[PDB]
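What follows is a single chain, given as structure tokens, in the form deposited in one PDB entry.
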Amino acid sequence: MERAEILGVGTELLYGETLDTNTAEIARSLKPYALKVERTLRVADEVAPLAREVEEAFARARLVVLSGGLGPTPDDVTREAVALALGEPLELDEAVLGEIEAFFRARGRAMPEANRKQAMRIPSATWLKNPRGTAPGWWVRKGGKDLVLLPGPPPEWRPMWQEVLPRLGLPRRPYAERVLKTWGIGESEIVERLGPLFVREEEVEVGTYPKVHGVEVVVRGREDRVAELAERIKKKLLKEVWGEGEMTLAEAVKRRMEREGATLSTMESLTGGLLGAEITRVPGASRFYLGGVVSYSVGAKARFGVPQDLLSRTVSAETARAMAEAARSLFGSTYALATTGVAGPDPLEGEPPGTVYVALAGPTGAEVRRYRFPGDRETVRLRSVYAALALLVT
């Protein structure tokens, strides 16, 4: 399987002064094609290094897609670099220059001399029309290979790319991907439960991505092999998979509440409101979520019903259950979730950072789960939120 190389041009992309979403979007557009994307580059606006990267990319690939640096400034050097990389000279296309002149004239302005540059193409390039911008793109076919220059701005390049992509004659491959979202199982256990199902092959592959909301397992590749291998994987992880594709834990909790005709409330310590924030992120939350309290001080804990006998061990399963039952009674909700524990950086009640209890109380009783989360303060906070949400969708 041959390579596609993707290069976003622009010094600002290197430093994140412009966020490079171009190279990823292009990469995702290549999914239906039997090409391998091994890497993406972001390259500075400098002719020699850029020329070097293009030549190398071209030498190893069936397709090279470049984005950006097609402006009129001295910092816009992509055309020169491609020219240098492929050993062809730039040529003024008088006709294109007229269209560039027209662009400015339509806006009541003479064409700046700088913009003359934008009507240069090498002999191997045909033009790609940009009715949205001054810079027309290129399509270079050479050596049985394709190279495509696109302007930076997405609204300029997206229609251009959509048009030319099916014209390149890239080989197709029926492609699928499956995303499984788990909770409460770490990477190593997934490894063990999967064993040989954790495939890494040219036709299909299985990857894991640990998030604050749990480990995502993605199977991707040939449609046939993805379908059956992802179903096997789902079987092995059945009780820990709470969602697929776009599903979020918040949205999952919402579906359950709506299915049941049930309501929810919360009582939070260490997460400080972040669980309510996350529940209320999804439009339509007011249909089930009655509200909540943040019991950050000892006095607030007492005020909202934590028993006095537990105020010296608020970081406990006992307190967590009491908090959840208290919220349920206080809000009159069908369900209630509680969070208590040690965010970091310091210990609390002699317990170390990451020590977290989450609880759910409902019509048939209450239940508690204990966690020792690694990570800094903000990480521990976030995991606690998802841990609490996970009690409802297990």
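Each residue number is its position in the shown sequence, starting from 1.
Of the other entries compared for this protein that flank it with modelled residues, a third or more give no atoms for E201. Averaged over Cα atoms, the B-factor as recorded in the entry is higher for 3-11 than for the other of 3-11 and 383-391. The PDB entry records a higher mean C-alpha B factor for 213-221 than for its counterpart among 293-301 and 213-221. Which of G261, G276, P307, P123 has the largest Cα B-factor in the deposited entry comes down to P123.
Per the PDB record, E94 has a higher Cα B-factor than any other of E94, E318, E268, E251. The PDB entry assigns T280 a C-alpha temperature factor belonging to the lowest third of its chain's modelled residues. In the deposited entry, the Cα temperature factor of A322 places it in the lowest third of its chain's modelled residues.
The PDB entry assigns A119 a C-alpha temperature factor belonging to the highest third of its chain's modelled residues. Residue-level temperature factors show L311 in the lowest third of its chain, judged at the C-alpha atom. Among the modelled residues of its chain, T18 has a C-alpha B-factor that falls in the highest third according to the deposited record.
Note that the form deposited in another entry isn't included here; everything after this is about it.
Only one of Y209 and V164 lies in each rigid part of the chain between this form and the one not shown; they are split between the two. Distance between the C-alpha atoms of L41 and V215: longer in the other entry than here (change of 3 Å or more).
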